[PDB]
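What follows is one chain in structure tokens, specifically the form solved without the ligand.
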């Protein structure tokens, strides 16, 4: 029902499994052919990733107007790399 994603600095995010599957990488890291530890993604990055998962699951295929996904300037470069690795 849920899963745990752990940042490099130790924070633990419990997110629903369906939401996490939004990431192909995670869908493979786990459920490969529970938990997942990301030694390269920091707390201020992984918190945004999880927020994007709820955002994505809530708005895809929706007639209701969609709001912008906000991204602060300082988080942009690292979020980009995190996003690139997670395939989402």
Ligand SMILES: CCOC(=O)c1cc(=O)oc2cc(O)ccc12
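Residue numbers count along the first chain shown, from 1. Whichever C-alpha set is largest while still superposing within 1.5 Å between the two forms counts as the rigid core.
- Between 52-60 and 23-31, greater CA displacement relative to the shown form is found for 23-31 when the structures in 7 other deposited structures of this protein are fitted on the core.
- The entry shows a gap from residue 33 to residue 34, with 4 to 9 unmodelled residues of the deposited sequence in between.
- Looking at 72-80 and 17-25 together, the entry lists the larger mean B-factor for 72-80, computed on C-alpha atoms.
- Per the PDB record, residue ranking by Cα B-factor puts residue 55 in the lowest third of the chain.
- Sort the chain's modelled residues by C-alpha temperature factor and residue 43 lands in the middle third, per the entry.
The protein also exists as the form deposited with the ligand bound; that form is not presented, and the subsequent description refers to it.
- The candidate spot formed by 40, 45 and 82 is fully in contact with the ligand in the entry with it bound: every one of the three has a heavy atom within 4.5 Å.
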